[PDB]
Amino acid sequence: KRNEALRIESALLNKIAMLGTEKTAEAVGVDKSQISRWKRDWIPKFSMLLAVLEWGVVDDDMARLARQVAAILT
DNA sequence: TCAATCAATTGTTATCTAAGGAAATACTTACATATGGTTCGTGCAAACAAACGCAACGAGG
């Protein structure tokens, strides 16, 4: 669960970074500072919970690989 | 016939220099209320951070 927690934290932080701390705050309903500080404080803890809760999702690179394979075959 | 001087009792102070050895543990007021401090998540502005566009400069041709 340790490495799953690390993976989930990395995926979450990547999603926030891609969407944008400012944009993520605007969509969530908080201030950019709140997202910036959740990234430091709770995202690791929530990530460990997800690792235990077994909510891990497919890594996006392998997702792109699967999409490409499904396009090439079909 | 009082007091200056001996005499026994009481209290204070002293007993070498270094190196090793680690310390311990009984002896239980309780329930309620006011207040206030501390922790925590938030917002706002400030303070950094990335990545360009433009212009000036200074070397190359």
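This entry lists cryo-EM as its structure determination method and reports a resolution of 3.1 Å.

## Considerations on the UniProt feature "DNA-binding region" in chain A
UniProt records the feature "DNA-binding region" at residues 21–40, using the numbering of this structure. A distance of 13 Å separates the end C-alpha atoms of residues 21–40, which is 85% helix and 0% strand.

## Considering the pattern of salt bridges
Evaluated as defined, the whole model comprises four salt bridges. In this structure, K1 engages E54 in a salt bridge whose closest nitrogen and oxygen atoms are separated by 3.7 Å. Taken together, the residues span a long stretch of sequence, with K1 in the segment before α1 (2–19) and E54 in the loop between α4 (43–53) and α5 (60–73) at a distance of 53 residues. Of the two residues examined, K1 and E54, each falls in the exposed class. The partner of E4 in a salt bridge is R7, with the nearest N and O atoms 2.8 Å apart. One end of the pair, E4, and the other, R7, are both in helix α1, three residues apart, so they sit about a helical turn from each other. Of the residues examined, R7 reaches a relative accessible area of 30% and is grouped as partly exposed.

## Some details on unusual backbone geometry
Notably, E54 is not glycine yet its phi reads approximately 65°, a positive angle. Given the relative accessible area of 61%, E54 is considered exposed.

## A short note on the protein's contact with DNA strand B
Close to DNA strand B lie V30, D31, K32, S33, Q34, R37, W38 and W42. In DNA strand B, the atoms that sit within 4 Å of the protein are 52% sugar and phosphate, with bases accounting for the remainder. In the environment of DNA strand B, a phosphate oxygen lies 3.1 Å from a nitrogen or oxygen atom belonging to the backbone of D31. With respect to DNA strand B, the side chain of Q34 contributes an N or O atom lying 3.0 Å from a base nitrogen. Residues of the surface near DNA strand B, tallied by class, amount to three nonpolar, two polar and three charged.

Thresholds applied
Residues numbered from 1 in each chain as written, not as in the entry; some residues may be left out. Chains lettered and ligands numbered in written order. Part of a larger assembly, values for the part shown. Heavy atoms only, no water. UniProt positions renumbered as here; feature names shortened; annotations may be inferred. Helix = DSSP H or I, 4+ residues; strand = E, 2+ residues; numbered from the N terminus. Salt bridge = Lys/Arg side-chain N within 4 Å of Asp/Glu carboxyl O. Buried < 20%, exposed > 50% of the residue type's maximum accessible area, 1.4 Å probe, protein only. Near = heavy atom within 4 Å. Polar contact = N/O pair within 3.5 Å; in protein donor to acceptor, adjacent residues only side chain to side chain. Nonpolar A, V, L, I, M, F, W, Y, C, P; charged D, E, K, R; others polar.

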